[PDB]
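**Q** This is the structure, below, for whatever I ask next.
No Cβ is skipped: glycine too gets one built from the backbone with ideal geometry, and neighbour counts run over all protein chains shown. Here, each number is a calculation from the coordinates, and none is a lab measurement.
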Amino acid sequence: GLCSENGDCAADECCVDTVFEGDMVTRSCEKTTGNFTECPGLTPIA
């Protein structure tokens, strides 16, 4: 379920597939409700 385009979730929304190690893969996406919220550019998860 990797996000190809930036706005995979939606045109206004943003999606970005994260991945640090080979143990597992992390994905993210923010829904646009009330207030706009862009996808996170940080990946402290490890």
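**Q** Let me know the charge dipole size of the chain about its Cα centre in debye, to the nearest 20, where only the beta-carbon of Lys, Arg (+1) and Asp, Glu (-1) is charged.
**A** 100 debye
**Q** Multiply the residue separation of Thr32 and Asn6 by 0.36 nm, subtract the distance between their alpha-carbon atoms, and state the gained length in nm to one decimal.
**A** So the chain would gain 8.0 nm between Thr32 and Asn6.
**Q** Kindly write out, for the stretch 8-20 in residue order, the coupling ³J(HN,Hα) from the Karplus curve 6.51 cos²θ - 1.76 cosθ + 1.60 (θ = phi - 60°), rounded to whole Hz, with x marking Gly and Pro.
**A** 4, 5, 5, 4, 7, 6, 10, 9, 8, 6, 9, 4, 9
**Q** What is the order of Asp8, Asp17, fewest Cβ neighbours within 10 Å to most?
**A** With the fewest neighbours first, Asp8, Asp17 line up as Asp17, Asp8.
**Q** Right, something else. Which distance in nm do the two modelled labels at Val19 and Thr43 give, with both placed 7 Å along the Cα-to-Cβ direction?
**A** 0.9 nm
**Q** Can you sort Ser4, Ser28 from fewest to most other Cβ atoms within 10 Å of each residue's own Cβ?
**A** Ordered by Cβ neighbours within 10 Å, fewest first: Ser4, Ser28.
**Q** Taking amide H positions as placed 1.01 Å from N in the peptide plane, with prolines and chain starts having none, which residues 5 or more places from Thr18, or on another chain, fall under 5 Å of its amide H?
**A** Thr26, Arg27, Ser28
**Q** Would you kindly derive the ³J(HN,Hα) couplings of the stretch 33-46 from the backbone phi angles with the Karplus curve 6.51 cos²θ - 1.76 cosθ + 1.60 (θ = phi - 60°), listing them in order in whole Hz, with x for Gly and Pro?
**A** Whole-Hz 3J(HN,Hα) from phi for the stretch 33-46: 9, x, 10, 6, 8, 7, 5, x, x, 10, 9, x, 5, 6.
**Q** Tell me the Kirkwood hydrodynamic radius of the chain in angstroms, computed as one over the mean inverse distance between distinct C-alpha pairs.
**A** 11.2 Å
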